[PDB]
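Q: See upload06.csv below, with CSV, C-alpha atoms.
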chain,number,residue,atom,x,y,z
A,3,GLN,CA,6.8,18.8,12.6
A,4,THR,CA,10.2,17.5,11.1
A,5,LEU,CA,8.2,14.3,10.8
A,6,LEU,CA,5.9,16.0,8.2
A,7,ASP,CA,9.1,17.2,6.4
A,8,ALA,CA,10.8,13.9,6.6
A,9,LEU,CA,8.0,12.0,4.9
A,10,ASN,CA,7.2,14.8,2.4
A,11,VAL,CA,3.7,15.3,3.7
A,12,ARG,CA,1.6,17.2,1.2
A,13,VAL,CA,-2.0,18.5,1.5
A,14,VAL,CA,-3.9,19.6,-1.6
A,15,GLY,CA,-7.5,20.2,-2.6
A,16,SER,CA,-10.5,22.5,-2.0
A,17,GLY,CA,-12.8,20.1,0.0
A,18,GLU,CA,-13.3,19.8,3.7
A,19,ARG,CA,-13.7,15.9,3.9
A,20,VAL,CA,-10.2,14.4,4.3
A,21,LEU,CA,-9.0,11.7,2.0
A,22,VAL,CA,-5.6,10.1,2.6
A,23,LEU,CA,-3.7,8.5,-0.2
A,24,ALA,CA,-1.1,6.0,1.0
A,25,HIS,CA,1.3,4.4,-1.4
A,26,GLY,CA,2.7,0.9,-1.4
A,27,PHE,CA,5.9,-1.1,-1.8
A,28,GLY,CA,8.3,0.2,-4.6
A,29,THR,CA,6.7,3.6,-5.2
A,30,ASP,CA,6.2,6.9,-3.5
A,31,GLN,CA,3.3,9.4,-3.3
A,32,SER,CA,3.8,10.2,-7.0
A,33,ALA,CA,2.1,6.9,-7.7
A,34,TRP,CA,-1.2,8.9,-7.1
A,35,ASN,CA,-0.5,11.6,-9.7
A,36,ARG,CA,-2.9,10.4,-12.3
A,37,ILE,CA,-5.7,9.8,-9.8
A,38,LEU,CA,-5.2,13.1,-7.8
A,39,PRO,CA,-6.9,15.6,-10.1
A,40,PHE,CA,-10.2,13.8,-9.7
A,41,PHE,CA,-10.3,14.5,-5.9
A,42,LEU,CA,-9.1,18.1,-5.6
A,43,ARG,CA,-12.6,19.6,-5.7
A,44,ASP,CA,-14.5,17.5,-3.2
A,45,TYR,CA,-11.6,16.6,-0.8
A,46,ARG,CA,-8.7,17.8,1.3
A,47,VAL,CA,-6.2,15.2,0.1
A,48,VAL,CA,-3.3,14.1,2.3
A,49,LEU,CA,-0.3,12.4,0.7
A,50,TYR,CA,2.9,11.2,2.3
A,51,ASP,CA,5.8,8.8,1.6
A,52,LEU,CA,6.5,5.8,3.6
A,53,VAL,CA,9.9,6.0,5.3
A,54,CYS,CA,11.2,3.2,2.9
A,55,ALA,CA,10.3,5.4,-0.2
A,56,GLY,CA,13.3,6.4,-2.3
A,57,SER,CA,12.1,10.0,-2.0
A,58,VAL,CA,12.8,9.8,1.8
A,59,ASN,CA,16.3,10.4,3.1
A,60,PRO,CA,17.5,6.9,4.0
A,61,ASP,CA,19.1,8.3,7.1
A,62,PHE,CA,15.5,8.1,8.5
A,63,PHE,CA,15.2,4.3,7.9
A,64,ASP,CA,16.2,3.0,11.3
A,65,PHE,CA,16.7,-0.8,10.8
A,66,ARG,CA,16.4,-1.3,14.6
A,67,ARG,CA,13.0,0.3,14.6
A,68,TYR,CA,11.2,-0.6,11.3
A,69,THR,CA,11.2,-4.3,12.1
A,70,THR,CA,7.4,-4.8,11.8
A,71,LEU,CA,4.5,-2.7,10.4
A,72,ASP,CA,3.7,-1.1,13.9
A,73,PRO,CA,6.2,1.7,13.6
A,74,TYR,CA,4.8,2.5,10.1
A,75,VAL,CA,1.4,2.8,11.8
A,76,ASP,CA,3.1,5.2,14.4
A,77,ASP,CA,4.3,7.5,11.5
A,78,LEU,CA,0.9,7.5,9.9
A,79,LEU,CA,-1.0,8.4,13.1
A,80,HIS,CA,1.6,11.0,14.1
A,81,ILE,CA,1.2,12.7,10.6
A,82,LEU,CA,-2.6,12.7,11.0
A,83,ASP,CA,-2.4,14.0,14.6
A,84,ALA,CA,0.1,16.7,13.6
A,85,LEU,CA,-2.3,17.9,10.9
A,86,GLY,CA,-5.2,17.8,13.3
A,87,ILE,CA,-7.2,15.2,11.4
A,88,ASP,CA,-9.5,13.1,13.6
A,89,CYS,CA,-11.8,11.9,10.8
A,90,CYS,CA,-10.9,10.8,7.3
A,91,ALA,CA,-11.3,8.3,4.5
A,92,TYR,CA,-8.1,6.3,3.8
A,93,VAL,CA,-6.8,4.7,0.6
A,94,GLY,CA,-4.0,2.2,1.0
A,95,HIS,CA,-2.2,0.3,-1.7
A,96,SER,CA,-0.2,-2.9,-0.9
A,97,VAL,CA,1.6,-2.7,2.5
A,98,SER,CA,-0.3,0.6,3.2
A,99,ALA,CA,-3.6,-1.4,3.1
A,100,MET,CA,-2.3,-3.4,6.1
A,101,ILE,CA,-1.0,-0.2,7.8
A,102,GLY,CA,-4.5,1.3,7.5
A,103,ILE,CA,-6.1,-1.9,9.0
A,104,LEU,CA,-3.7,-1.6,12.0
A,105,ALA,CA,-4.2,2.1,12.4
A,106,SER,CA,-8.0,1.6,12.4
A,107,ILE,CA,-7.7,-1.0,15.1
A,108,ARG,CA,-5.7,1.4,17.3
A,109,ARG,CA,-8.0,4.4,16.4
A,110,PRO,CA,-11.5,3.0,15.7
A,111,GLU,CA,-13.2,6.4,15.3
A,112,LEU,CA,-10.5,7.9,13.0
A,113,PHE,CA,-11.5,6.3,9.7
A,114,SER,CA,-14.9,6.5,8.2
A,115,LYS,CA,-13.9,3.9,5.6
A,116,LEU,CA,-10.8,2.0,4.4
A,117,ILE,CA,-10.2,1.4,0.7
A,118,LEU,CA,-7.7,-1.4,0.3
A,119,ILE,CA,-6.0,-1.8,-3.1
A,120,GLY,CA,-3.9,-4.9,-3.9
A,121,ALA,CA,-4.1,-5.9,-0.2
A,122,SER,CA,-3.1,-9.2,1.3
A,123,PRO,CA,-2.9,-10.2,5.0
A,124,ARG,CA,-0.3,-13.0,4.2
A,125,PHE,CA,1.6,-14.0,1.1
A,126,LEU,CA,2.9,-17.4,2.2
A,127,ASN,CA,0.8,-20.6,1.6
A,128,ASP,CA,-0.1,-23.2,4.1
A,129,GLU,CA,-2.3,-26.3,4.1
A,130,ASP,CA,-5.5,-24.3,4.8
A,131,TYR,CA,-4.6,-20.8,3.3
A,132,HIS,CA,-3.5,-19.9,-0.2
A,133,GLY,CA,-1.4,-16.6,-0.2
A,134,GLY,CA,0.2,-17.1,-3.6
A,135,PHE,CA,3.8,-18.0,-2.7
A,136,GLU,CA,5.9,-20.8,-1.3
A,137,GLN,CA,8.8,-20.0,1.0
A,138,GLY,CA,11.1,-21.3,-1.7
A,139,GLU,CA,9.8,-18.8,-4.3
A,140,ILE,CA,10.2,-15.9,-1.8
A,141,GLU,CA,13.8,-17.0,-1.0
A,142,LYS,CA,14.6,-16.8,-4.8
A,143,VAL,CA,13.2,-13.3,-4.9
A,144,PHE,CA,15.4,-12.2,-1.9
A,145,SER,CA,18.5,-13.8,-3.3
A,146,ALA,CA,17.9,-12.3,-6.8
A,147,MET,CA,17.3,-8.8,-5.3
A,148,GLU,CA,20.6,-9.1,-3.4
A,149,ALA,CA,22.6,-10.8,-6.3
A,150,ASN,CA,21.6,-8.2,-8.9
A,151,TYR,CA,19.2,-5.4,-7.8
A,152,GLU,CA,18.9,-3.8,-11.3
A,153,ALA,CA,18.2,-7.2,-13.0
A,154,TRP,CA,15.7,-7.9,-10.3
A,155,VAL,CA,13.9,-4.6,-10.8
A,156,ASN,CA,13.9,-5.1,-14.6
A,157,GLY,CA,12.2,-8.4,-14.3
A,158,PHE,CA,9.9,-7.5,-11.4
A,159,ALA,CA,8.5,-4.1,-12.6
A,160,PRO,CA,6.7,-5.7,-15.7
A,161,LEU,CA,5.2,-8.5,-13.6
A,162,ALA,CA,3.9,-6.0,-11.0
A,163,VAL,CA,2.5,-3.5,-13.5
A,164,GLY,CA,1.2,-6.6,-15.3
A,165,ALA,CA,-0.7,-4.9,-18.1
A,166,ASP,CA,1.2,-3.9,-21.2
A,167,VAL,CA,1.9,-0.3,-20.2
A,168,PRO,CA,5.6,0.3,-20.8
A,169,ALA,CA,5.6,3.8,-19.5
A,170,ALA,CA,4.1,2.6,-16.2
A,171,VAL,CA,6.9,-0.1,-16.0
A,172,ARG,CA,9.5,2.7,-16.5
A,173,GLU,CA,7.8,4.8,-13.8
A,174,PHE,CA,7.6,1.9,-11.3
A,175,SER,CA,11.2,0.9,-12.2
A,176,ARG,CA,12.5,4.4,-11.4
A,177,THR,CA,10.8,4.5,-8.0
A,178,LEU,CA,12.4,1.0,-7.4
A,179,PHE,CA,15.8,2.4,-8.4
A,180,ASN,CA,15.5,5.4,-6.1
A,181,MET,CA,15.3,3.0,-3.1
A,182,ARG,CA,18.5,1.8,-1.6
A,183,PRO,CA,18.7,-2.0,-2.4
A,184,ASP,CA,19.5,-2.6,1.2
A,185,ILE,CA,16.2,-1.1,2.4
A,186,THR,CA,14.2,-2.7,-0.5
A,187,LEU,CA,15.4,-6.1,0.7
A,188,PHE,CA,14.8,-5.5,4.4
A,189,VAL,CA,11.3,-4.1,3.7
A,190,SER,CA,10.5,-7.0,1.4
A,191,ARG,CA,11.4,-9.3,4.3
A,192,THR,CA,9.1,-7.3,6.6
A,193,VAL,CA,6.3,-7.6,4.2
A,194,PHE,CA,6.7,-11.2,3.1
A,195,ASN,CA,6.9,-12.5,6.6
A,196,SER,CA,4.0,-10.4,8.1
A,197,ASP,CA,0.8,-12.2,9.0
A,198,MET,CA,-2.2,-10.0,9.6
A,199,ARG,CA,-4.8,-12.8,9.5
A,200,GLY,CA,-5.4,-13.0,13.2
A,201,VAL,CA,-6.2,-9.2,13.6
A,202,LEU,CA,-8.6,-8.8,10.6
A,203,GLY,CA,-11.7,-9.4,12.7
A,204,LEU,CA,-10.8,-6.5,15.1
A,205,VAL,CA,-11.5,-4.0,12.3
A,206,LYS,CA,-15.0,-2.5,12.6
A,207,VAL,CA,-15.0,0.2,9.9
A,208,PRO,CA,-16.3,-0.6,6.5
A,209,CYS,CA,-13.7,-1.8,4.0
A,210,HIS,CA,-13.8,-1.7,0.3
A,211,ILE,CA,-11.4,-4.4,-1.1
A,212,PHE,CA,-10.3,-3.4,-4.6
A,213,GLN,CA,-8.9,-6.4,-6.4
A,214,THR,CA,-7.6,-6.6,-9.9
A,215,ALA,CA,-7.7,-9.5,-12.3
A,216,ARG,CA,-4.3,-11.3,-12.4
A,217,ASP,CA,-2.5,-9.6,-9.5
A,218,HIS,CA,0.9,-11.4,-9.3
A,219,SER,CA,1.0,-10.8,-5.5
A,220,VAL,CA,-2.7,-11.3,-4.5
A,221,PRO,CA,-4.7,-14.4,-5.7
A,222,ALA,CA,-8.5,-13.7,-6.1
A,223,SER,CA,-9.2,-15.9,-3.1
A,224,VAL,CA,-7.2,-13.6,-0.8
A,225,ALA,CA,-9.7,-10.7,-1.6
A,226,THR,CA,-12.5,-13.1,-0.6
A,227,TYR,CA,-10.5,-14.0,2.6
A,228,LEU,CA,-10.3,-10.3,3.5
A,229,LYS,CA,-14.1,-9.9,2.8
A,230,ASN,CA,-14.8,-12.9,5.0
A,231,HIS,CA,-12.5,-12.1,7.9
A,232,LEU,CA,-12.4,-8.2,8.2
A,233,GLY,CA,-14.8,-7.4,11.1
A,234,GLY,CA,-17.0,-4.8,9.5
A,235,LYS,CA,-19.1,-4.4,6.4
A,236,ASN,CA,-16.9,-5.4,3.5
A,237,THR,CA,-17.3,-5.0,-0.3
A,238,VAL,CA,-15.0,-6.5,-2.9
A,239,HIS,CA,-14.7,-4.4,-6.0
A,240,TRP,CA,-13.5,-6.7,-8.8
A,241,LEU,CA,-11.6,-4.3,-11.0
A,242,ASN,CA,-11.8,-4.8,-14.7
A,243,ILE,CA,-8.0,-4.0,-14.6
A,244,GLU,CA,-5.0,-6.4,-14.9
A,245,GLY,CA,-2.0,-6.1,-12.6
A,246,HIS,CA,-0.9,-4.9,-9.1
A,247,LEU,CA,-0.7,-1.2,-9.7
A,248,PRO,CA,-4.0,0.0,-11.1
A,249,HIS,CA,-3.3,3.6,-10.0
A,250,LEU,CA,-0.4,3.5,-12.5
A,251,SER,CA,-1.9,1.3,-15.2
A,252,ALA,CA,-5.6,2.3,-15.4
A,253,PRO,CA,-6.0,5.5,-13.4
A,254,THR,CA,-9.4,6.5,-15.0
A,255,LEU,CA,-11.2,3.3,-14.1
A,256,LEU,CA,-9.6,3.3,-10.6
A,257,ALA,CA,-10.6,6.9,-10.0
A,258,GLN,CA,-14.1,6.1,-11.0
A,259,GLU,CA,-14.4,3.1,-8.6
A,260,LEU,CA,-12.8,5.1,-5.8
A,261,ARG,CA,-15.3,7.9,-6.3
A,262,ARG,CA,-18.1,5.4,-6.1
A,263,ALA,CA,-16.7,3.7,-3.0
A,264,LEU,CA,-16.2,7.0,-1.2
A,265,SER,CA,-19.8,8.0,-2.1
When written as structure tokens, how does the structure in this file appear?
A:
Amino acid sequence: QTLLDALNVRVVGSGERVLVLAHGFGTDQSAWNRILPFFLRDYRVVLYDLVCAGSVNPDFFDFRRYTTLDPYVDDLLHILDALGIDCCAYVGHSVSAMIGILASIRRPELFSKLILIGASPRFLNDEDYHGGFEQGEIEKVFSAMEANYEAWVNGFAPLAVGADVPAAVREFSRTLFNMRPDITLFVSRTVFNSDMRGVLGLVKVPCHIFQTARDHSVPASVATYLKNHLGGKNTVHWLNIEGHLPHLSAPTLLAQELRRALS
């Protein structure tokens, strides 16, 4: 009820099959705007904002509660329960990929399919796993963020978008500026220090792992790790797209692959 209001839940489209579009770190549901028109005819599309989105009243970000991904999972399932959805396809970018994995383990019949975009179960490297980041690198991100948020956004947004699409950089920057730096840091700590590797095999639904070329936050080999460790039938879709935010930077190609995956 006020949960649906709090997270700006929005349902659009003329179809009966339910498609949930779940945004990732640094954006809000508007990240789906250039993809959305392709799905209005065949689906009932559910969109919402994570509690950390800059579009959500930060009064709702309870730092005592949102200490791991589990309470994000709680929010997602309560939205779906409150809308009366017991079967859907789910698209999750970034952290929302991991949220969907967790939700699927809690509710194995709820999702016919997970489509994961720019997903990683773990960013930090160790002697048998390459995540893409050393602890030192990550500490420099956190300190930069806290020392000068605007300078951090300005240098981070272009690396994330990756491809030379300045208008996407501006769009990603604005959703990063709408977030309170406070929350951005705390959520970045939650995400960087998560480790989903041990639970991947508990997923039984088919997963489509959408992986771009040159994703600053997800090495190629992490998409193969997901393919190899997720418990169900997995397919990696190697996007002919550079960067971490293909729904912003190449929405036509992304919509096309999504359509195929959902088929």
Q: I'd like to know which of A:74, A:188, A:45, A:68 is closest to residue 24 of chain A, using only C-alpha atoms.
A: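 Of A:74, A:188, A:45, A:68, the one nearest residue 24 of chain A is A:74, counting only C-alpha atoms.
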Q: Give as a ChimeraX atom specification each residue that has an atom at most 12 Å from (6.6, 9.5, -8.9) in the file, counting all atoms listed in the file.
A: /A:25,28-36,50-51,55-57,170-180,249-250
Q: Just the residues within 12 Å of residue 216 of chain A, please, counting all atoms listed in the file, with nothing from its chain fewer than 3 positions along; format it as a ChimeraX atom specification.
A: /A:120,134,161-165,213,219-223,240-248
Q: Rank A:229, A:48, A:147, A:212 by their smallest atom-to-atom distance to residue 86 of chain A, using all atoms listed in the file, and report the top residue only.
A: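 Closest to residue 86 of chain A of all the choices is A:48.
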Q: One number please: atom CA of residue 255 of chain A to atom CA of residue 14 of chain A, in Å, one decimal.
A: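 Separating atom CA of residue 255 of chain A from atom CA of residue 14 of chain A is a distance of 21.8 Å.
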Q: List the residues sitting within 8 Å of (-12.8, -0.3, 6.8) in the file's frame, using all atoms listed in the file, as number ranges by chain.
A: A: 103, 106, 113-117, 205-210, 234-236
Q: For each of A:215, A:118, A:225, A:264, take the minimum atom-to-atom distance to residue 132 of chain A, counting all atoms listed in the file, then give the residue where this is smallest.
A: A:225
Q: As a VMD selection string, please: the residues near residue 258 of chain A (cut-off 12 Å, only C-alpha atoms, same-chain neighbours under 4 positions excluded).
A: chain A and resid 37 to 41 239 241 to 242 248 to 249 252 to 254 262 to 265
Q: Write a file of the selected residues as a PDB file, keeping the file's coordinate frame, keeping C-alpha atoms.
A:
ATOM      1  CA  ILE A  37      -5.700   9.800  -9.800  1.00  0.00           C
ATOM      2  CA  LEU A  38      -5.200  13.100  -7.800  1.00  0.00           C
ATOM      3  CA  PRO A  39      -6.900  15.600 -10.100  1.00  0.00           C
ATOM      4  CA  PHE A  40     -10.200  13.800  -9.700  1.00  0.00           C
ATOM      5  CA  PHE A  41     -10.300  14.500  -5.900  1.00  0.00           C
ATOM      6  CA  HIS A 239     -14.700  -4.400  -6.000  1.00  0.00           C
ATOM      7  CA  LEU A 241     -11.600  -4.300 -11.000  1.00  0.00           C
ATOM      8  CA  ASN A 242     -11.800  -4.800 -14.700  1.00  0.00           C
ATOM      9  CA  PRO A 248      -4.000   0.000 -11.100  1.00  0.00           C
ATOM     10  CA  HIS A 249      -3.300   3.600 -10.000  1.00  0.00           C
ATOM     11  CA  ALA A 252      -5.600   2.300 -15.400  1.00  0.00           C
ATOM     12  CA  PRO A 253      -6.000   5.500 -13.400  1.00  0.00           C
ATOM     13  CA  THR A 254      -9.400   6.500 -15.000  1.00  0.00           C
ATOM     14  CA  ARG A 262     -18.100   5.400  -6.100  1.00  0.00           C
ATOM     15  CA  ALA A 263     -16.700   3.700  -3.000  1.00  0.00           C
ATOM     16  CA  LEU A 264     -16.200   7.000  -1.200  1.00  0.00           C
ATOM     17  CA  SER A 265     -19.800   8.000  -2.100  1.00  0.00           C
TER      18      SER A 265
END
